[PDB]
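**Student:** Following this message is one structure expressed as structure tokens.
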Amino acid sequence: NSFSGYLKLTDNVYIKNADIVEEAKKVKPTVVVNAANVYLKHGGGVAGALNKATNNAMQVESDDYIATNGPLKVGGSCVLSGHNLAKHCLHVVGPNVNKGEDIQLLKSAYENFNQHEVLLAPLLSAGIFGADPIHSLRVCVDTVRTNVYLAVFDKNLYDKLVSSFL
Ligand SMILES: O=C(O)[C@@H]1CCC[C@H]1c1ccc2ncsc2c1
């Protein structure tokens, strides 16, 4: 495939210090993962950045999805358009520790990735979702069996994740 400059962590997990919006514009992957909430309200974090890069088309599509189907579950997902960034966007809901959600749901959230042969993704439940990113990377490698390319935006976080990976 066309992903370049990634560090191989395992047989199927790769990682790079990159902005997932810029990686998606360059690669045009079949699937880009969004770090969504149950309402698909893409205000901040990686969801806000991806939505802004679509000129708000992601949010307009998402509002129609919620009006028809109701909210997602924590640990769940839905497949929507990738707009100008990818063929599809897999919106995955990891638990948000800052909302008091159970971190135990993180493994269920990563299991959604196994439905897609290859994905470009951020770390679930990290950043403003409040979980320990070292734990999120461990759950990712121990749960996902398909090929995942993780784009870590924060440079200091990337360096910490590499140096502490077992
Ligand atoms: O990799 C990170 O530093 C965090 C961890 C969890 C969400 C990631 C994130 C956040 C915002 C953002 N904006 C553009 S790419 C991008 C990616």
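Residues in the structure tokens are named by chain (A, B, ... in the order shown) and by number from 1 within that chain; ligands are numbered from 1 in the order shown.
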Counting only C-alpha atoms, what is within 12 Å of residue 67 of chain A, bar same-chain residues fewer than 5 positions away, as a list in words?
**Tutor:**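 Once the nearby chain positions are removed, what remains is residues 39, 40, 60, 61, 62 and 72 of chain A.
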**Student:** Print the selection's residues with N, CA and C atoms to a file, as a CSV table (one decimal), in the first residue's frame.
**Tutor:**
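The result, written out as selection_11.csv:
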```csv
chain,number,residue,atom,x,y,z
A,39,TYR,N,-23.6,11.0,19.5
A,39,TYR,CA,-24.5,11.9,18.8
A,39,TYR,C,-24.0,12.3,17.5
A,40,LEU,N,-22.7,11.9,17.1
A,40,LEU,CA,-22.0,12.3,15.9
A,40,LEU,C,-21.9,13.8,15.8
A,60,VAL,N,-23.3,17.4,8.2
A,60,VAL,CA,-24.6,17.4,7.6
A,60,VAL,C,-25.1,16.0,7.4
A,61,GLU,N,-24.2,15.1,6.9
A,61,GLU,CA,-24.5,13.7,6.7
A,61,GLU,C,-24.8,13.1,8.0
A,62,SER,N,-24.0,13.3,9.1
A,62,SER,CA,-24.2,12.8,10.4
A,62,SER,C,-25.5,13.1,11.0
A,72,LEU,N,-25.6,6.4,18.5
A,72,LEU,CA,-24.8,5.1,18.5
A,72,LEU,C,-24.7,4.7,20.0
```
**Student:** Residues up to 8 Å from ligand 1, counting only C-alpha atoms and all ligand atoms: could you list those as a PyMOL selection string?
**Tutor:** chain A and resi 17-22+35+44-50+122-129+133+151-155+157-158
**Student:** Taking the backbone alone, and naming residues the way the document does, which bits of chain A are strand (DSSP E) by DSSP, as a tab-separated table (two decimals) with N, CA and C atoms, in the first residue's frame?
**Tutor:**
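So part_6.tsv came out as:
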```tsv
chain	number	residue	atom	x	y	z
A	7	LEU	N	6.36	3.43	11.48
A	7	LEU	CA	7.08	2.48	12.32
A	7	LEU	C	6.19	1.24	12.48
A	8	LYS	N	6.71	0.07	12.15
A	8	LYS	CA	6.01	-1.19	12.37
A	8	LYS	C	6.09	-1.55	13.84
A	13	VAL	N	0.07	-3.68	13.04
A	13	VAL	CA	-0.11	-2.30	13.54
A	13	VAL	C	1.12	-1.48	13.25
A	14	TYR	N	0.89	-0.29	12.67
A	14	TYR	CA	1.89	0.69	12.25
A	14	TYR	C	1.58	2.03	12.89
A	15	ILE	N	2.59	2.88	13.10
A	15	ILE	CA	2.37	4.18	13.77
A	15	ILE	C	3.28	5.24	13.16
A	16	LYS	N	2.82	6.49	13.13
A	16	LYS	CA	3.56	7.64	12.57
A	16	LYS	C	3.15	8.89	13.30
A	17	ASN	N	4.07	9.87	13.40
A	17	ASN	CA	3.74	11.20	13.95
A	17	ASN	C	3.24	12.04	12.78
A	31	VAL	N	-10.67	3.52	4.19
A	31	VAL	CA	-11.34	3.84	5.45
A	31	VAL	C	-10.47	4.75	6.30
A	32	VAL	N	-11.03	5.89	6.70
A	32	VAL	CA	-10.46	6.74	7.74
A	32	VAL	C	-11.38	6.61	8.96
A	33	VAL	N	-10.79	6.44	10.15
A	33	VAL	CA	-11.55	6.35	11.39
A	33	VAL	C	-11.71	7.72	12.01
A	34	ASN	N	-12.96	8.04	12.44
A	34	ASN	CA	-13.20	9.20	13.29
A	34	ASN	C	-13.43	8.81	14.73
A	35	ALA	N	-12.85	9.59	15.65
A	35	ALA	CA	-13.09	9.46	17.10
A	35	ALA	C	-14.38	10.21	17.46
A	77	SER	N	-20.18	1.74	16.34
A	77	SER	CA	-19.69	2.45	15.14
A	77	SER	C	-20.74	2.52	14.07
A	78	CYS	N	-20.51	3.36	13.07
A	78	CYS	CA	-21.29	3.32	11.83
A	78	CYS	C	-20.34	3.71	10.69
A	79	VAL	N	-20.65	3.26	9.48
A	79	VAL	CA	-19.92	3.60	8.27
A	79	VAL	C	-20.66	4.67	7.50
A	80	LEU	N	-20.01	5.80	7.26
A	80	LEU	CA	-20.58	6.88	6.47
A	80	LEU	C	-19.58	7.26	5.35
A	81	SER	N	-19.89	8.28	4.57
A	81	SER	CA	-18.98	8.69	3.50
A	81	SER	C	-17.67	9.24	4.08
A	88	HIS	N	-14.62	5.85	2.69
A	88	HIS	CA	-15.55	5.75	3.83
A	88	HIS	C	-14.92	6.37	5.06
A	89	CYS	N	-15.79	6.81	5.98
A	89	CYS	CA	-15.39	7.15	7.34
A	89	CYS	C	-16.08	6.18	8.29
A	90	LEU	N	-15.27	5.48	9.08
A	90	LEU	CA	-15.79	4.62	10.16
A	90	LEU	C	-15.83	5.46	11.43
A	91	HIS	N	-17.02	5.88	11.84
A	91	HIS	CA	-17.19	6.67	13.09
A	91	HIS	C	-17.26	5.70	14.25
A	92	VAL	N	-16.24	5.71	15.12
A	92	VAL	CA	-16.15	4.78	16.25
A	92	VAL	C	-16.24	5.54	17.55
A	118	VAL	N	-8.02	-2.75	5.94
A	118	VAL	CA	-6.99	-1.76	6.22
A	118	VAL	C	-7.68	-0.43	6.59
A	119	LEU	N	-7.10	0.25	7.58
A	119	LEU	CA	-7.67	1.53	8.07
A	119	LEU	C	-6.57	2.50	8.44
A	120	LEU	N	-6.85	3.79	8.26
A	120	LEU	CA	-6.07	4.92	8.80
A	120	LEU	C	-6.85	5.42	10.02
A	121	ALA	N	-6.22	5.49	11.19
A	121	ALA	CA	-6.95	5.75	12.43
A	121	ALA	C	-6.18	6.62	13.41
A	147	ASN	N	-5.12	-4.57	9.22
A	147	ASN	CA	-3.97	-3.66	9.10
A	147	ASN	C	-4.36	-2.23	9.45
A	148	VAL	N	-3.78	-1.72	10.54
A	148	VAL	CA	-4.10	-0.39	11.03
A	148	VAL	C	-2.88	0.50	11.03
A	149	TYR	N	-3.06	1.68	10.44
A	149	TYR	CA	-2.05	2.74	10.34
A	149	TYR	C	-2.49	3.84	11.28
A	150	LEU	N	-1.82	3.97	12.42
A	150	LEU	CA	-2.14	4.96	13.44
A	150	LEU	C	-1.38	6.25	13.20
A	151	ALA	N	-2.11	7.37	13.10
A	151	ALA	CA	-1.51	8.69	12.91
A	151	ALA	C	-1.66	9.43	14.23
A	152	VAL	N	-0.52	9.72	14.87
A	152	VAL	CA	-0.48	10.42	16.17
A	152	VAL	C	-0.05	11.84	15.91
```
**Student:** Give me, as a PyMOL selection string, the residues of chain A that a backbone DSSP run labels alpha helix (DSSP H).
**Tutor:** chain A and resi 20-27+45-53+57-69+106-111+133-143+155-164
**Student:** Neighbouring residues of segment 105-113 of chain A were defined as those with any atom within 8 Å, considering only C-alpha atoms; residues of the same chain fewer than 2 positions away were excluded. Please report them as a list in words.
**Tutor:** residues 74, 75, 76, 77, 92, 93, 94, 95, 102, 103, 115, 116, 119, 124, 125, 136, 139, 140, 143, 144 and 146 of chain A
**Student:** Could you take the residues named above and write them with N, CA, C and O atoms, as a PDB file, in the first residue's frame?
**Tutor:**
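File written: selection.pdb
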```
ATOM      1  N   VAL A  74     -21.914   3.620  23.097  1.00  0.00           N
ATOM      2  CA  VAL A  74     -20.475   3.694  23.453  1.00  0.00           C
ATOM      3  C   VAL A  74     -19.863   2.313  23.198  1.00  0.00           C
ATOM      4  O   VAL A  74     -20.431   1.297  23.620  1.00  0.00           O
ATOM      5  N   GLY A  75     -18.797   2.269  22.389  1.00  0.00           N
ATOM      6  CA  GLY A  75     -18.218   1.007  21.935  1.00  0.00           C
ATOM      7  C   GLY A  75     -18.661   0.647  20.527  1.00  0.00           C
ATOM      8  O   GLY A  75     -18.097  -0.299  19.953  1.00  0.00           O
ATOM      9  N   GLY A  76     -19.661   1.363  19.966  1.00  0.00           N
ATOM     10  CA  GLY A  76     -20.187   1.071  18.639  1.00  0.00           C
ATOM     11  C   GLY A  76     -19.634   1.940  17.537  1.00  0.00           C
ATOM     12  O   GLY A  76     -18.745   2.777  17.754  1.00  0.00           O
ATOM     13  N   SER A  77     -20.180   1.741  16.338  1.00  0.00           N
ATOM     14  CA  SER A  77     -19.692   2.448  15.139  1.00  0.00           C
ATOM     15  C   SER A  77     -20.742   2.516  14.067  1.00  0.00           C
ATOM     16  O   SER A  77     -21.732   1.767  14.081  1.00  0.00           O
ATOM     17  N   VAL A  92     -16.239   5.706  15.120  1.00  0.00           N
ATOM     18  CA  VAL A  92     -16.154   4.777  16.249  1.00  0.00           C
ATOM     19  C   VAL A  92     -16.239   5.535  17.548  1.00  0.00           C
ATOM     20  O   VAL A  92     -15.506   6.529  17.719  1.00  0.00           O
ATOM     21  N   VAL A  93     -17.060   5.089  18.492  1.00  0.00           N
ATOM     22  CA  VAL A  93     -17.232   5.732  19.803  1.00  0.00           C
ATOM     23  C   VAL A  93     -16.438   5.002  20.890  1.00  0.00           C
ATOM     24  O   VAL A  93     -16.856   3.928  21.343  1.00  0.00           O
ATOM     25  N   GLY A  94     -15.274   5.529  21.231  1.00  0.00           N
ATOM     26  CA  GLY A  94     -14.583   5.042  22.414  1.00  0.00           C
ATOM     27  C   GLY A  94     -15.190   5.681  23.669  1.00  0.00           C
ATOM     28  O   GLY A  94     -15.781   6.774  23.582  1.00  0.00           O
ATOM     29  N   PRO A  95     -15.018   5.082  24.846  1.00  0.00           N
ATOM     30  CA  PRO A  95     -15.499   5.731  26.082  1.00  0.00           C
ATOM     31  C   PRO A  95     -14.747   7.024  26.349  1.00  0.00           C
ATOM     32  O   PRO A  95     -13.527   7.136  26.145  1.00  0.00           O
ATOM     33  N   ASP A 102     -17.135   4.152  31.064  1.00  0.00           N
ATOM     34  CA  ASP A 102     -16.274   3.062  31.468  1.00  0.00           C
ATOM     35  C   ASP A 102     -15.209   2.765  30.456  1.00  0.00           C
ATOM     36  O   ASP A 102     -15.534   2.276  29.361  1.00  0.00           O
ATOM     37  N   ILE A 103     -13.921   2.918  30.866  1.00  0.00           N
ATOM     38  CA  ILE A 103     -12.792   2.595  29.997  1.00  0.00           C
ATOM     39  C   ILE A 103     -12.812   1.126  29.542  1.00  0.00           C
ATOM     40  O   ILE A 103     -12.191   0.759  28.516  1.00  0.00           O
ATOM     41  N   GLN A 115     -13.683  -5.259  11.037  1.00  0.00           N
ATOM     42  CA  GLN A 115     -14.585  -5.379   9.906  1.00  0.00           C
ATOM     43  C   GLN A 115     -13.992  -4.780   8.600  1.00  0.00           C
ATOM     44  O   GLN A 115     -14.665  -4.781   7.560  1.00  0.00           O
ATOM     45  N   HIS A 116     -12.746  -4.231   8.658  1.00  0.00           N
ATOM     46  CA  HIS A 116     -12.159  -3.527   7.507  1.00  0.00           C
ATOM     47  C   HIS A 116     -10.731  -4.003   7.383  1.00  0.00           C
ATOM     48  O   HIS A 116      -9.971  -4.048   8.360  1.00  0.00           O
ATOM     49  N   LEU A 119      -7.103   0.255   7.582  1.00  0.00           N
ATOM     50  CA  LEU A 119      -7.675   1.532   8.071  1.00  0.00           C
ATOM     51  C   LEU A 119      -6.566   2.502   8.441  1.00  0.00           C
ATOM     52  O   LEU A 119      -5.509   2.088   8.938  1.00  0.00           O
ATOM     53  N   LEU A 124      -7.966   5.685  19.913  1.00  0.00           N
ATOM     54  CA  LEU A 124      -9.291   5.824  20.549  1.00  0.00           C
ATOM     55  C   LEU A 124      -9.207   6.140  22.024  1.00  0.00           C
ATOM     56  O   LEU A 124      -8.334   5.631  22.756  1.00  0.00           O
ATOM     57  N   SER A 125     -10.109   7.001  22.454  1.00  0.00           N
ATOM     58  CA  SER A 125     -10.259   7.411  23.862  1.00  0.00           C
ATOM     59  C   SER A 125      -9.066   8.248  24.402  1.00  0.00           C
ATOM     60  O   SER A 125      -9.093   8.637  25.565  1.00  0.00           O
ATOM     61  N   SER A 136      -4.404   2.857  25.530  1.00  0.00           N
ATOM     62  CA  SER A 136      -5.140   2.758  24.270  1.00  0.00           C
ATOM     63  C   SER A 136      -4.341   2.041  23.181  1.00  0.00           C
ATOM     64  O   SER A 136      -4.895   1.170  22.493  1.00  0.00           O
ATOM     65  N   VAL A 139      -4.348  -1.768  24.011  1.00  0.00           N
ATOM     66  CA  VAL A 139      -5.637  -2.397  23.658  1.00  0.00           C
ATOM     67  C   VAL A 139      -5.739  -2.521  22.130  1.00  0.00           C
ATOM     68  O   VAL A 139      -6.195  -3.563  21.633  1.00  0.00           O
ATOM     69  N   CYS A 140      -5.318  -1.498  21.381  1.00  0.00           N
ATOM     70  CA  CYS A 140      -5.339  -1.574  19.905  1.00  0.00           C
ATOM     71  C   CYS A 140      -4.552  -2.784  19.393  1.00  0.00           C
ATOM     72  O   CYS A 140      -5.081  -3.638  18.663  1.00  0.00           O
ATOM     73  N   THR A 143      -6.187  -6.173  20.206  1.00  0.00           N
ATOM     74  CA  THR A 143      -7.578  -6.371  19.745  1.00  0.00           C
ATOM     75  C   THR A 143      -7.705  -6.393  18.223  1.00  0.00           C
ATOM     76  O   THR A 143      -8.454  -7.199  17.682  1.00  0.00           O
ATOM     77  N   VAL A 144      -7.055  -5.452  17.529  1.00  0.00           N
ATOM     78  CA  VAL A 144      -7.188  -5.324  16.092  1.00  0.00           C
ATOM     79  C   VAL A 144      -6.287  -6.350  15.407  1.00  0.00           C
ATOM     80  O   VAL A 144      -5.095  -6.482  15.756  1.00  0.00           O
ATOM     81  N   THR A 146      -6.742  -6.678  11.745  1.00  0.00           N
ATOM     82  CA  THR A 146      -6.597  -6.124  10.410  1.00  0.00           C
ATOM     83  C   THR A 146      -5.479  -5.065  10.407  1.00  0.00           C
ATOM     84  O   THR A 146      -4.888  -4.771  11.465  1.00  0.00           O
TER      85      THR A 146
END
```
**Student:** Could you work out how far atom CA of residue 26 of chain A lies from atom CA of residue 85 of chain A, giving the answer in Å with one decimal?
**Tutor:** 8.5 Å
**Student:** To one decimal place in Å, what is the distance between atom CA of residue 29 of chain A and atom CA of residue 87 of chain A?
**Tutor:**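 One can read the atom CA of residue 29 of chain A to atom CA of residue 87 of chain A distance as 6.7 Å.
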**Student:** In Å, with one decimal, what is the gap from atom CA of residue 114 of chain A to atom CA of residue 156 of chain A?
**Tutor:**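 Separation between atom CA of residue 114 of chain A and atom CA of residue 156 of chain A: 28.6 Å.
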**Student:** Which residue gives the smallest distance to residue 160 of chain A among A:66, A:27, A:38, A:134, with only C-alpha atoms counted?
**Tutor:** A:134
**Student:** Given the choices A:145, A:28, A:41, A:138, which gets closest to residue 71 of chain A if the distance is worked out from only C-alpha atoms?
**Tutor:**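 Between A:145, A:28, A:41, A:138, the residue approaching residue 71 of chain A most closely is A:41.
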